[PDB]
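Colleague: structure here, sequence nowhere to be found:
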Ligand SMILES: COc1ccc2[nH]c(-c3ccccc3)c(CCNC(C)=O)c2c1
Ligand SMILES: [Zn+2]
């Protein structure tokens, strides 16, 4: 057999022993692993190609396999006895040592010089803005009682979803750039990769639940108010997080969470299972986008048709708000001005609904901050649109599309996706007046 193929063969068997269900499956895979490691010991590596045989260059990697095959021999002793959990454990100890004397053997891959600084600078920016920005968001929702009440409890759920990733995966990835490889165990590999899944998927579905809430608060305002919220919203916030965990469990059976040298981060592999990947691209993207687009489309047509707009009085200045109605005069909160009967008079001066001019301005803060929550979604779709397309190309034709996906393009997609984590609070401050106010209030309180 070859040497590069010998590296690819025993590395494939290393995935089989993991997903194996019995000791005979493990024993069989360790047989194909002992012979492949021995045939690699006969071959000459590319790094010590011009070096001498007795030299600690070619004789250096010779004892590396002696440590390896000996460890396999200890691992198949357990497998022979029937101990599957014991033999699979010793195989992970075979994995940690093998990676420490494999990077010393060959260097096939070639990362373009710009990935290391780009990725790291992006990560540094994102982590710094994510930790500060989404923390202010949490504090402002938790301190402001009127703000939190306006279905903005989902914003906390989303802020933590952004936050968690800045605290565990993002800093580890930055160590993996500076050390040119995964400096942590297989333990921290799949764990960091899993935290990323929760973040990315949890964010889509949180954005989805906000899209539904604002659809039902503007278009079904009457029926909406009939339906409680008190114990409702914490239940859906919990439910969406459990739905996410479930969506992420096939990764442990399909083995799609390993280190990606292209993006220097231990993440989800599109090739590992094209079926699961295809599902991930629908369930965690195409489907929420499809349902969220319907929701904001139905809002924008109502905003276009002049419905759910404020009507300011020409005489005393009283402003009608469809969100509040005029309940003491028999008009319920959620009733549009166009819907109040012609006999209605101003609750402050007494002039009829004939001398009431509408507010032409459709400010972001209006209708529970609908158009700013909209922007948040658009930005999400922009950042995650390329990667999900790359995932879609691979899920369909891996034989023709997968080797035709440029490395330089794949990095650009993960760069955008990583950048999303810090952006959400910035958009709140630029459009939403109340958040901006609260951001200022916190900073002012911190300097006094
Ligand atoms: C469901 O299993 C997981 C598990 C871990 C994952 N981590 C990421 C990800 C994190 C940051 C930036 C971009 C992608 C995805 C999203 C991966 N989506 C695609 C289409 O490849 C992910 C998925
Ligand atoms: Zn008036």
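Modeller: Right, received. Where do you want to start? Residues are numbered from 1 along each chain as shown. Ligands and ions are numbered 1, 2, ... in the order given.
Colleague: around ligand 1, which positions in the stretch 1-150 of the chain sit nearby?
Modeller: Within the stretch 1-150 of the chain, no position lies close to ligand 1 (C-beta under 6 Å from any ligand atom). Just so you know, the C-beta spots here come from the backbone N, C-alpha and C atoms, and that holds for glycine as well.
Colleague: tally of neighbours for the residue in the stretch 1-150 of the chain positioned nearest to ligand 1?
Modeller: Nearest residue of the stretch 1-150 of the chain to ligand 1 (C-beta to the nearest ligand atom) works out as residue 126 at 10.6 Å. Residues lying near residue 126 (other C-beta atoms under 10 Å) number 21.
Colleague: buried residues in the longest helix belonging to the chain?
Modeller: As assigned by DSSP state H, the longest helix anywhere in the chain is helix 186-218. Across helix 186-218, burial judged by 16 or more other C-beta atoms under 10 Å covers 186, 189-211, 213-215, 217-218.
Colleague: contacting ligand 1 as well, which ones from these?
Modeller: 193, 196-197, 200.
Colleague: got TSV for those residues, with distance to residue 12 too?
Modeller: Converted to TSV, these look like this (distance: C-beta to C-beta, whole Å):
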residue	distance to residue 12
193	20
196	25
197	24
200	28
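Colleague: identify the farthest-apart pair in those.
Modeller: 193 and 200 (10.9 Å; C-beta to C-beta).
Colleague: can you tell me which helix or strand the residue of the stretch 1-150 of the chain closest to ligand 1 belongs to?
Modeller: For residue 126, the host element (DSSP states H and E) is helix 115-143.
Colleague: who does that helix touch, helix- and strand-wise?
Modeller: When contacts are defined as 3 or more C-beta pairs under 8 Å, 6 or more residues apart in numbering; DSSP states H and E, helix 115-143 sits against helix 145-149, helix 154-167, helix 169-178, helix 407-431, helix 433-446.
Colleague: which of these sits most buried?
Modeller: helix 154-167 (a mean of 21; mean count of other C-beta atoms under 10 Å).
Colleague: how big is the angle separating that helix from helix 407-431?
Modeller: If you take axes from the mean of the first three to the mean of the last three C-alpha atoms, to 10 degrees, helix 154-167 sits at 140 degrees to helix 407-431.
Colleague: which residues are in contact with stretch 266-280?
Modeller: Identification of contacts with stretch 266-280 by C-beta atoms under 8 Å, 6 or more residues apart in numbering yields 172-173, 176, 182, 188-190, 192-193, 196-197, 247, 250-251, 254-260, 390-392, 394-396, 398, 402, 414.
Colleague: does that stretch come close to ligand 1?
Modeller: Yes: judged by C-beta under 6 Å from any ligand atom, stretch 266-280 and ligand 1 are in contact via 267-268, 270, 280.
Colleague: would you mind measuring the gap between the ends of that stretch?
Modeller: One end of stretch 266-280 to the other measures 18 Å (C-alpha to C-alpha, to the nearest Å).
Colleague: how about that stretch: buried residues?
Modeller: Neighbour count says stretch 266-280 has 266-270, 273-274, 276-278, 280 buried, by 16+ other C-beta under 10 Å.
Colleague: closest one to ligand 1 out of the residues you listed, please.
Modeller: Distances from ligand 1 to these, taken as C-beta to the nearest ligand atom, are shortest for residue 268 (3.6 Å).
Colleague: give me the neighbour count for residue 33.
Modeller: 26.
Colleague: so it touches residue 13, yeah?
Modeller: Yes: if you go by C-beta atoms under 8 Å, residue 33 and residue 13 touch, sitting 4.8 Å apart.
Colleague: how much distance is there from stretch 127-143 to the middle of the chain?
Modeller: With C-alpha atoms, centre = their mean, to the nearest Å as the basis, stretch 127-143 stands 18 Å off its chain's centre.
Colleague: ok, residues contacting it?
Modeller: 147-148, 152-153, 155-156, 159-160, 162-163, 165-167, 170-171, 174, 421-426, 428, 435, 438-439, 441-442.
Colleague: spell out which parts of the stretch 251-400 of the chain neighbour ligand 2.
Modeller: Applying C-beta under 5 Å from the ion, we find that the stretch 251-400 of the chain lies next to ligand 2 at 313, 315-316, 318, 346, 348-349.
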